[PDB]
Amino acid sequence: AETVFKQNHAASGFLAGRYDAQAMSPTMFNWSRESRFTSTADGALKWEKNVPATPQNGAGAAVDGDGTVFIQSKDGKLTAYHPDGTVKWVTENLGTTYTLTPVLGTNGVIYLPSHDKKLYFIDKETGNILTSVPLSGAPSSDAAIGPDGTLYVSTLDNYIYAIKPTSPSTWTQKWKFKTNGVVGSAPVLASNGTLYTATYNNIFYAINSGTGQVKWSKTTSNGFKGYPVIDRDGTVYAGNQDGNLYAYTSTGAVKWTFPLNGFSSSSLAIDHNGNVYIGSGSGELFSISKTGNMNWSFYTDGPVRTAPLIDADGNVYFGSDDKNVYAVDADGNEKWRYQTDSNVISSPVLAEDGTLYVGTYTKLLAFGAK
């Protein structure tokens, strides 16, 4: 890519970690989700592929510096597509049933937690397995990557694991944290070193990412779900199943809450002006200011489960259980929609040339530049 991938812009505060900086889109979460790319995509479909998947919390494709598109399917395949939709490679017999983002790290390594209770290290050039890490339970998050390359995942047996790769073929366990409750809020990391996660026992955790010790915790009446975003102040914005977005300061004070009219249904984005974006079971996609006032909302006919993606012009792309892909401008006005035949739940991704990828339970869709 001609410019480097950065997790942060001037208004976000993720802990900078060892993602592939030459990739177009190396991670779905643990970053602002404001793309550095512009797009002239107008809703015309460039191509579609059959990719059966059940992505956890809006997981989906990653795109490297060549524009190669990597995506897991629930038949146990990881597939690398060329930009024109032809297949570059396929690796089989990985996990089934639920899918996760094939996150692109340094040294051309793909980090793919898998439902077979393994965290695979995979060569992105060939798809060959470099090694795998046994997990005590099936993973429930994408791999977040820290500054020293440590991988942070939640697992379904109520753990956060910190696994440190020591080369493309070797690894050691940094720490593990047994959580009180099923993890619904996947690990994301903030610039002061804190890892944030939360459970359906209503506990929101701030954890020292180096040591695995809890710095502080807060409680609510229902569980947080998905991937929070973090601003430059270290404030964490997390969607709650009680129907509110919560903003926690870096000390654990409640900065504010905002009503979503339904259970939170997507993970978040944050733009360089500090506005945060989230989908609701109400069908709405919200834009909310850093002080917690509504900028706008856009109404779809079903829960919005894609984490929205902002482009460099402030347009916002997302999908709905009403089976439409959506594009709106920075003021919330519709640009275009595209009707597909499956709920749109696999979050959007932007290539350097403006191609937009987004997925359903059955297909990967590519929307081309105009």
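Throughout, we count residues from 1 along the sequence that is shown.
Participant: Please work out which of 26-34 and 44-52 has the higher mean CA B-factor as recorded in the PDB entry.
Facilitator: Mean C-alpha B-factor is greater for 44-52.
Participant: Using the B-factors recorded in the PDB entry, average over the C-alpha atoms of 79-87 and of 98-106, then report which stretch comes out higher.
Facilitator: If you average the C-alpha B-factors of 79-87 and of 98-106, the larger mean comes out for 79-87.
Participant: Which one of 141, 93, 197, 209 shows the biggest C-alpha B-factor in the PDB entry?
Facilitator: Highest C-alpha B-factor among the listed residues goes to 93.
Participant: Quiz for you: based on the deposited Cα B-factor, which of 280, 155, 132, 235 is highest?
Facilitator: Reading the PDB entry, the winner on C-alpha B-factor is 132.
Participant: Which third of the chain does residue 216 land in by C-alpha B-factor: lowest, middle or highest?
Facilitator: Within its chain, residue 216 is a middle-third residue by C-alpha B-factor, going by the deposited values.
Participant: Quick check for you: using the entry's CA B-factors within this chain, is residue 171 in the lowest, middle or highest third?
Facilitator: Highest third of the chain for residue 171's C-alpha B-factor.
Participant: Among all modelled residues of this chain, ranked by Cα B factor, put residue 254 in the bottom, middle or top third, i.e. lowest, middle or highest.
Facilitator: As the PDB entry reports it, the C-alpha B-factor of residue 254 lands in the highest third of its chain.
Participant: Considering every modelled residue of the chain and its Cα B-factor in the PDB entry, is residue 123 in the lowest, middle or highest third?
Facilitator: Its C-alpha B-factor belongs to the lowest third of this chain's values.
Participant: What third of the chain does residue 63 rank in for C-alpha temperature factor, lowest, middle or highest?
Facilitator: Middle third, going by the recorded CA B-factors of the chain.
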